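Quick notes on the structure that follows.
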Amino acid sequence: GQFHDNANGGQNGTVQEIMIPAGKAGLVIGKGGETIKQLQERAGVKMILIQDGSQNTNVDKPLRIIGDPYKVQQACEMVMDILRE
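Residue numbers for the sequence shown follow the deposited numbering, so the first one is 5 and each next one is one higher.
Set out below in structure tokens:
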């Protein structure tokens, strides 16, 4: 977790919280969990998809993208793009 990977200007631990649509979550997870594994490694970040948190399991999904502010945003705009796609 080298948060200061490139442009960690400010808070090393930048958290991006997304609410993933119930069924469109399949995109962010990756049709079983393939894409999500890629997402973390491709951007060098950590994305916690609360899929098993329950309560809201039937609804929107709590996604916390944690890490460097520069890649956190790129990763946010990455998965949010798919979610607006």
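By construction, the Cβ of each residue, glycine as well, lies at the ideal position given by its N, Cα and C atoms.
When DSSP assignments are scanned along the segment 31–74, the uninterrupted stretches of alpha helix (DSSP H) that are 4 or more residues long and fall wholly within it turn out to be 38–47. DSSP places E21 within a strand segment (E or B) once states are collapsed to three. With a 10 Å radius around the Cβ and a threshold of 16 neighbouring Cβ atoms, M51 comes out buried. Here DSSP, grouped into helix, strand and coil, assigns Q77 to helix. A26 sits in coil when the DSSP states are folded into three classes, being neither helix nor strand.
Take the alpha-carbon of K35 and the one of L43: they are about 13 Å apart.
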